[PDB]
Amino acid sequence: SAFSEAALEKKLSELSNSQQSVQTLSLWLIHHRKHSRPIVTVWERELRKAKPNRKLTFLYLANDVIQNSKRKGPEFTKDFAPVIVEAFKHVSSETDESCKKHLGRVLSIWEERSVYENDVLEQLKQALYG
């Protein structure tokens, strides 16, 4: 599929918590990394629109794209950087303890794999636990 914002919007409405669903969308986003900025914009908008019980899966997709992008270049890391902290704060406010434990694990993975520098990791931790 060629890239369009509307096609991405439709894929995000269909995203589920399965390994195949997150991975398949992520691979498309990495293929279309030239468009990482509008990807992040659409991603954020649809995260905020999504029902509480689907919000963690948005952050899982962000995890997959950012991590799988590292071998390609800094662009996805940089373009998620300005919204990722408020994304964590949002999901944290919108979900329960159980979901927060899942979010915390993503953060621990990010710390151990140096997905972001400590400045951003410290902001993510404050967003979850402050």
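All residue numbers refer to positions in the sequence shown, first residue = 1.
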Look over 93-101 and 49-57 in the entry and identify the one with the greater average Cα temperature factor.
-> 93-101
Which is higher in the entry, the mean Cα B factor of 109-117 or that of 20-28?
-> 109-117
Third of chain Cα B-factors occupied by residue 8 = lowest
Position of residue 33 among the chain's modelled residues by C-alpha B-factor, lowest, middle or highest third | lowest
